[PDB]
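Convention: sequence-line order gives letters A, B, ...; per-chain numbering from 1. Every heavy atom of this structure was used, including side-chain atoms; hydrogens, water molecules and symmetry mates were not.
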Amino acid sequence: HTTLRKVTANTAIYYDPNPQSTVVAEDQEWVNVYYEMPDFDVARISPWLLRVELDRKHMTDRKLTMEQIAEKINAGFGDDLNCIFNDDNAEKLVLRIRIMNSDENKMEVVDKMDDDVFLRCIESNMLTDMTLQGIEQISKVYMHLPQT
Amino acid sequence: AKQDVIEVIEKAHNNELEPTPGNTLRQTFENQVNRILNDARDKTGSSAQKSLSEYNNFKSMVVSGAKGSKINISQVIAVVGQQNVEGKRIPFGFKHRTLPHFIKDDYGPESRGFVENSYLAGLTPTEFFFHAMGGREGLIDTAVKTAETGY
Amino acid sequence: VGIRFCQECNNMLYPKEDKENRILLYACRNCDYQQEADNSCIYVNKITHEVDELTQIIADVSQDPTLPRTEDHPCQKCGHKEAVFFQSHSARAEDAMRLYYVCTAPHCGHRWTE
Amino acid sequence: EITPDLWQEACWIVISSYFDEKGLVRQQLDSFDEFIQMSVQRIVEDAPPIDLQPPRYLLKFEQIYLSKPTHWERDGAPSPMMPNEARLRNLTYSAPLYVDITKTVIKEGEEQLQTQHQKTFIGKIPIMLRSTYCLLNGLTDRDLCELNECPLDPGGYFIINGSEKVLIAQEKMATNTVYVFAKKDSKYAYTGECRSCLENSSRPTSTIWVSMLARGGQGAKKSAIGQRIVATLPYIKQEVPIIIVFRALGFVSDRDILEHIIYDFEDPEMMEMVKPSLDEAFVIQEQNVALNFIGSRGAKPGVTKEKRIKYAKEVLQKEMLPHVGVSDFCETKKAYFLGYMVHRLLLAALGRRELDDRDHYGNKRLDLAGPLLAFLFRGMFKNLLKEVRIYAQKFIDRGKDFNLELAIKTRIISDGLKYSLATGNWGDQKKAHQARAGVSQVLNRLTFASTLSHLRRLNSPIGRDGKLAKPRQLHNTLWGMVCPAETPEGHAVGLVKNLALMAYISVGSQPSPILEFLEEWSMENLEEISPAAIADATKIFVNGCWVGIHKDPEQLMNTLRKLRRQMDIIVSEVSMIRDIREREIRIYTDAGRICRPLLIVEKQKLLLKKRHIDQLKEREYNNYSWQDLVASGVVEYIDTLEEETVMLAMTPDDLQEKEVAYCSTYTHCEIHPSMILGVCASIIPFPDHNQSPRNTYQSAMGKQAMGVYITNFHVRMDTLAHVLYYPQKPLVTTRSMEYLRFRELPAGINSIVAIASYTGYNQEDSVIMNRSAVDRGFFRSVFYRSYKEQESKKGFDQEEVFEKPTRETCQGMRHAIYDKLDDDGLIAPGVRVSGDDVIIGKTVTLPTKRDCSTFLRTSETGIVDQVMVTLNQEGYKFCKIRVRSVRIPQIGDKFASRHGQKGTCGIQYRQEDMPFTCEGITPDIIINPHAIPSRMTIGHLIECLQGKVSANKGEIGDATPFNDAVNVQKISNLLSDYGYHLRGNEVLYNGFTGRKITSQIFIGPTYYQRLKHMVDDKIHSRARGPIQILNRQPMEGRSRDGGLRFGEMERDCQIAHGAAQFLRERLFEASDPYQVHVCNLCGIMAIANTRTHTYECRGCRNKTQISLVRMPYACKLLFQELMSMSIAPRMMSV
Amino acid sequence: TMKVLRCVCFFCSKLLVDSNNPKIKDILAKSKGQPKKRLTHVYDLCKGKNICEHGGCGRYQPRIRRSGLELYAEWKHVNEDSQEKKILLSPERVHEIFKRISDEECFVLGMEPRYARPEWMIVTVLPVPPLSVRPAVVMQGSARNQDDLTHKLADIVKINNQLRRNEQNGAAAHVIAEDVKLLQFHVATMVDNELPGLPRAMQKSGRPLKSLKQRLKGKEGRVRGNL
DNA sequence: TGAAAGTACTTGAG
RNA sequence: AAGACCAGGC
DNA sequence: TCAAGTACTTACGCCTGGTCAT
Ligand SMILES: [Zn+2]
Ligand SMILES: [Zn+2]
Ligand SMILES: [Zn+2]
Ligand SMILES: [Zn+2]
């Protein structure tokens, strides 16, 4: 069993009203390549950035690709969660998650779930139950050539 | 054996100890140290056993099967060996030290319960206390096994 | 990453969103105080928790007689021969048996790992 | 001025000085003296004055007075009571307690009349023997022998109704100290606790828990690495969030709470961990609403808001961490300490501080005689005041007057102390189940070593049936504090522990001078402290109470150590611990801390110089003692948690010298490493050459060895007393046996022992004894049995009289012979008495006479040694008859060396039959060589070799454990100088044939012990004797002529044999056989009149169809009990 | 008693699910010779009902709750009328309920009427063990000692006589309830002195009484230590 | 100071 | 008269 | 239907003896 936590180095929730601003200067080079083609861009996207950095060793030891993590996140959280991955070649692996609104217009006011705490709840849920690989209840698998 | 343990400790202190898969760094360090100490005690036991004449009475009662084993001969003559509590070396009961007589973070054989002396030679005070700690576990197991096995 | 307190009632500030100017704000939930964020980062979680333990080491540990000391590793700052070394002495240290060295002699208090 | 290579003499000189100044029971003596001199007065004063009301009556207790133990003979005549008189007459060696009482009245006439009641008797406190208030204090050996008291008797026990009771030290977790643990399956990830007691002045303990709620979601807030700290205050139903507790203390803003919790705001991880706790308590933002929230979850919610607020405020002020404070403005101090607890919890959760372990003896305290008696006396004095108040309230409603002398019932204190010391149930008699049992054991007088072990013994209050192996393990912190070898093998392994020889237990001190010095030495009180200046500073704890912070900890510790070394302001009991990593200085003055003396190493040199040794060598007529050594700053008492911060040298001349460097910062040195052993483990020669279980077995066996247990055994009327004919001091001895008084009172004989296989009768663990040696007195012993009997007047005309019954004057009578009794019905000494003979003739007047005489225990066959006649407490006739029996060692008696080699006597051969050397030497004992190899008692072999060397040389061999100067090769070379083979082997000749034995035999004088366990005391045979009244099955016990139990395992074994008939015999025929008549219609038993043959079943009107059924009587009893529970176990024969 | 109460209509002795119903027929076919499994299956069926109708009557059933030795009935969703949704369900009420359960209906519950009827599980006539079960101890012949069972029986007789005298005289209708509670405690503590949450019977000197259950329960008991 | 493991009941949650 | 506790044995 | 609570139980074999208070 490999959750997202097993392969994440650090996870930070930023505030980016404009993706082209890219408060992290290291992410500006590649984030502009994804907003040329708009997922929903212009439609109001949550200005909150769930930025997760993936450990290189813990991810190469499992032959995990950031595309696989993106697919898992999409499957587990529906289309209302944009996900972008930097690159395999990049010295540090970066995953950026937003909370794209439905944007259907008009259509429970108390049921708001503020995006700042919603991102934190989503991050906790991802780090606890992402099940990127393996079978639940299988904590650790040992591999050896028997002598007996 | 003590020099080998010192070399392993130096490798661990210099981050040169590569962790064996399925084990942590502390776990692989303890595995290496226990391997060295067990190999040392086996070698010393073999040396002590080969030195016994045909008139030796320990060997007489061992080869007959009446009482005793080769490990008893090794501990009497060569080396008592490592003393373990709960299957591990003697724990750091004090802050990062087994006894007040040792410096902190002392993972050498002497501090963690390896009795270099034999029963004929006699144990040092630290070895005496560590041997008492080791035999206490056997006494507890003896006193506690009876009820569960009877149930 | 840090926590900012109110300048009116000294209560904890919570981040809030400015719909008009699109700027992060820290707004008190006990009164009407607001302020502009400078760091722009709200939450930081380090799963690998790779933190330099030298920040959590006190220079006074050089006064402990129960810790070992060697002259083989001199201090980087003052070049003092004596130095006291110790392991992590910390839980959740991942897998590390490395040594942390603290310089002896008063008022230097240099801490380094090698 | 140093002691190089002369260290062996010097260390044992300082140890001899220590044991001359202190002794072995000094812990108990000091604890009891502190209880009497300080604790009783403090308990009496701390009791609130009796306020009653209209006139008002006030009662105040000023000062308590103790006297010597005196006996009020019947009439009342006061008289000094000696301990031997207490033992003989079954008296309680106790001293009356008088307290001055002031009674004031208020008549509303502007004049209050106060009456002072000087020396008002309130009860008798049992006095520990040889204590300050005992009559044996300060008496010389001649004075002690004049009172028939053994000079070697250490004292330290109480005499309750003649029986000698010893209070065992009860372990407890150290109070006022914050402990953080992590339970496995609990709802709390980490739990911090602090058992707080207010300077032991009042209230037992109030425990506060600060715990962090696991890891799963707390509904809507926890989305991080593990959070939601909660608190469990006493007298509150359920959990209260910690921020609400802080707001109930007057701190409303989050910054104040965090400053009291987090000391450096530059640390983001801790603030992140504490944030959701703030989030949970976001709704509560005022002090009063927090108080209301706390009060609403109390024992019973208040009707209105204000009473709830007052109740919560009272709970927080009094019952929440009372050791921090209990009065008014202590809210700031309580907030600081609660924040410290939360800080510790966060550090444990963050992984920055390791979790505390319960087995660390620095985290443990030992409740000696003093604290235990204080705990009992506090409750007893409270009950006495309650009864005085009840009496006064009853007598004041009339308004006539009030009397204090009749209002005080001294019986309450006297009987409470006497009962709790007698039965051992520590608590009220009505609450015996809630009372801890096992305290105050009966003092073991089997051997002097046994008495010393019982007087130096510790107890873990945890349950013996518990299978948890960790508390039973030998913790590293027990070094020099608790003997690693002496542990009760069995259900108390690791739990009952014994003190090391040098171990001392702190008696307690008031931390007023320490606090005054801390204020006078700058420091900074918590009230005057700005929280911004607390991260860099070091917290100063005194008895757990955080008193302030100090910015220069090195200088403070140096000054405190200097003061304790000079004994100026800090007494030697006080422990001072500096946690450098955690920036904490902990100072402890409380009682119960276990400490041992250690030499002080400054630079790399001992402070113990040659001049100290020279002065100690002349200890007599010099007034130079151990106290002078301590007052000179050479030795220091260090307890376990201070021993954490010490750097110890095992030996000076080996570890402080310059070599390949391991440690150069040694701060202390061991006086001698052999001091880690207790009383019973210090009689082992060469214990470091034995397997540790064998050392434990010998430690257990030494208390069972027989010698001269006490010198005044002639005056003692003790049941089950064993004395040895010819005790000998060991030829191979330890340097500690001098301080154990083992040479004076030894239990064993140096026996020529051959480790050989002679005729097969020493196989397994058995031994072969020399019959001729046994004839010459070898290991002969005497058994003393004392019989107590008492005349009494119970009925209106019923009475007991000691008299010799005639053939027909007594209704009951036995076939025994009463001709040995005298005119008083007591057999005179010198009369040989066999089994069934009458010891004391007593008659009971039946409302003519009924025989209540006492007979010998079966098959004793002894001779009456001494008969004592006296008057007991009630003044009735009281008799103690001691019967002596000489017990020659048979082939069933148990013998053991000092190495765990126990065994019975397989057979006895005479001198001609025993194997003999060329010099005619025949071994007194022959033990099998097979007992050695697996059990690995090499110390036994080395003891034999050294004893052979010493007997031929004329010295006494030195077998101190870690000598480095006594090797086996040196002993062999010494033996070779006396015409013997160096390894101890000697050529033996077969006794029967005169032929040489092909293998040469290892022969030498080895010290052996005769154990209490003898075959005659253990041999039993049953053939259809007494049966139980209820079960109608054979009685239980060898003494009651009982039958052996054929238990469930035996039944299973016979089932496996398929022996149905033998199983039926054992479980039906051999035990109770019975017949019942059951109805045939119903299965219920029927009325059966066998003589009239009228069988009737009430319920069926069945007189014809009734069957006879053979069943065990226990089965009929079971069926009748089931019918008593409305179950119908209908036995159907159809 | 509680389980049987949950399987029957209060104040209308009738199985909540009828025997003619196919489910009860299946339970009887599967549970021939296994009365305990029959009762547990019927209890599982009847715990999910809240009205006595297939059969007869029809009235909302209570929720039986135990508090120590007392039973309380919670009549949630009652019509109106008498209401009183918190009664103290007395042993007398349960006895009258069980006396009217027919032999067939109690047989479906697994209680064979000729061996055990539900109302017999309520103590109306208390058995008194013979003198053999509770022997008297002779102390020199001057005084006679008694067993713990004899002392508990003395307490039961005292409280029973007090209750009977108050019933004859009339009393105050709440001292009657106190006497009933005390008699229930004594009777239940004679049988078992190890019930959680209840005070233990102490004859004197603060020693708990050894009940019949304690006589029979563990090792050193009757079956383990005497048979 | 410090048991753990199973289960039957009981309760909201579907 | 048989319970509680304690100590012990193997 | 479920599943997560919470109450509630249950582990020593034989043997010895002593003492204590009912
Ligand atoms: Zn504010
Ligand atoms: Zn430096
Ligand atoms: Zn019948
Ligand atoms: Zn109905």
Side-chain angles (χ1 to χ4, degrees), chain B residues 143-151, chain D residues 160-163 165 168 171-175 179 181 183-185 187 193 195 205 207 356-359 363-364 418-419 422-425 429 432-433 435 437-444 446 450 454 460-468 470-472 488-492 496 700-701 703-704 719-720 765 788 857 894 902 1011-1013 1017-1018 1020 1028-1030 1035-1040 1042 1044-1050, chain E residues 2-3 40 47-48 63 65-66 135-140 145 147-148 194-197 203-208 210 217-219:
Chain B
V144 82
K145 198 120 92 101
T146 59
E148 52 183 4
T149 52
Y151 190 47
Chain D
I160 292 90
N161 306 337
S163 53
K165 301 316 185 74
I168 304 301
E171 290 191 2
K172 63 174 182 180
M173 206 66 175
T175 58
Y179 298 112
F181 313 104
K183 326 292 182 178
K184 291 186 177 182
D185 297 330
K187 193 178 53 180
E193 64 180 5
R195 306 172 188 80
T205 293
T207 310
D356 301 322
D357 61 271
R358 307 180 184 268
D359 299 3
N363 301 337
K364 293 185 174 301
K418 185 157 53 60
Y419 165 85
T423 53
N425 297 83
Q429 183 175 6
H433 321 309
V439 204
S440 83
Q441 264 107 324
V442 186
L443 180 65
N444 194 9
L446 183 52
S450 189
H454 214 174
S460 301
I462 82 165
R464 312 294 168 84
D465 52 354
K467 310 305 181 183
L468 192 59
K470 189 174 180 58
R472 303 184 178 270
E489 5 164 342
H491 257 340
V496 170
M701 237 106 60
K703 315 163 198 175
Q704 308 171 187
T719 66
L720 278 286
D765 298 358
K788 301 93 175 61
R857 303 297 181 88
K894 206 170 178 291
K902 54 186 178 182
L1011 305 188
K1012 178 186 55 179
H1013 305 286
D1017 298 327
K1018 290 172 169 51
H1020 187 56
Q1028 303 187 215
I1029 174 64
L1030 178 59
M1035 277 285 183
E1036 171 177 2
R1038 182 180 97 87
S1039 55
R1040 291 182 287 267
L1044 271 47
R1045 167 166 176 83
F1046 194 89
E1048 293 187 332
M1049 293 189 298
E1050 288 74 9
Chain E
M2 298 178 60
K3 293 186 62 181
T40 198
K47 70 173 63 180
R63 218 90 299 180
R65 180 182 59 89
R66 54 125 65 261
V137 182
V138 182
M139 301 301 300
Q140 303 174 358
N145 191 16
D147 201 331
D148 302 3
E194 213 172 2
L195 282 80
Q203 55 180 41
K204 58 179 298 180
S205 66
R207 53 178 306 272
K210 182 178 181 180
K217 188 170 57 58
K219 217 215 118 135

J.: If you measure from the P atom in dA4(F) to the same atom in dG13(H), how many Å do you get, rounded?
T.: 23 Å

J.: So which nucleotide from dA11(H), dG2(F), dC8(H) ends up closest to the side chain of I462(D)?
T.: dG2(F)

J.: Applying a 4.0 Å non-hydrogen cut-off, can you work out what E193(D) is touching in the nucleic acid: base, sugar-phosphate, or nothing?
T.: nothing

J.: Give one of base, sugar-phosphate or nothing for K902(D), where a contact means two heavy atoms less than 4.0 Å apart.
T.: sugar-phosphate

J.: OP1 or OP2 of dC14(H) versus the side-chain N and O atoms of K219(E): is any pair under 4.0 Å?
T.: yes

J.: How far, in whole Å, is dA4(H) from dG14(F) if one measures between their P atoms?
T.: 11 Å

J.: Considering every strand and a 4.0 Å limit on heavy-atom distances, what is the contact class for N444(D): base, sugar-phosphate, or nothing?
T.: nothing

J.: So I1029(D), base contact, sugar-phosphate only, or nothing? Heavy-atom distance under 4.0 Å.
T.: sugar-phosphate

J.: How is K210(E) classified with respect to the nucleic acid when contacts are heavy atoms under 4.0 Å: base, sugar-phosphate, or nothing?
T.: nothing

J.: Please list, pair by pair, any protein nitrogen or oxygen found under 3.5 Å from a nitrogen or oxygen in nucleotides 17-22 of chain H.
T.:
unit_1  : atom_1 : unit_2   : atom_2 : d
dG17(H) : OP2    : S1039(D) : N      : 3.3
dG17(H) : OP2    : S1039(D) : OG     : 3.3
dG18(H) : OP2    : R857(D)  : NH1    : 3.1
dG18(H) : OP2    : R857(D)  : NH2    : 3.1
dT19(H) : OP1    : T719(D)  : OG1    : 2.8
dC20(H) : OP1    : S163(D)  : OG     : 3.0
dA21(H) : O3'    : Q429(D)  : NE2    : 3.2
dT22(H) : OP1    : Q429(D)  : NE2    : 2.7
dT22(H) : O3'    : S205(E)  : OG     : 3.1

J.: Tell me what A143(B) touches on the nucleic acid: a base, only sugar-phosphate, or nothing, going by heavy atoms under 4.0 Å.
T.: nothing

J.: Check RNA chain G for consecutive Watson-Crick or G-U pairs with both distances under 3.5 Å and list the runs of at least three as stems.
T.: G:3-10 with H:13-20

J.: Using a heavy-atom cut-off of 4.0 Å across all strands, would you classify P196(E) as base, sugar-phosphate, or nothing?
T.: sugar-phosphate

J.: Supply the atom-to-atom distance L446(D) CG to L443(D) CG, rounded to the nearest 0.5 angstrom.
T.: 11.0 Å

J.: Could you give the start and end, 5' to 3', of the contact zone on RNA chain G for chain D, using atoms under 4.0 Å from its heavy atoms?
T.: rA1(G) to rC10(G)

J.: So, applying side-chain hydrogen bond (donor to acceptor under 3.5 Å, both in side chains) with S460(D), which one of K172(D), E171(D), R472(D) is it?
T.: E171(D)

J.: Nearest heavy-atom pair of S440(D) and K165(D): which atoms, and what distance?
T.: O-CD, 4.3 Å

J.: Does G466(D) reach a base, just sugar-phosphate, or nothing at all? Heavy atoms under 4.0 Å.
T.: nothing

J.: Do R358(D) and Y179(D) form a cation-pi contact, if we require the NZ or CZ to be under 6.0 Å from the six-membered ring centre and within 45 degrees of the ring's axis?
T.: no

J.: At under 4.0 Å between heavy atoms, what does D465(D) touch on the DNA or RNA strands: base, sugar-phosphate, or nothing?
T.: base

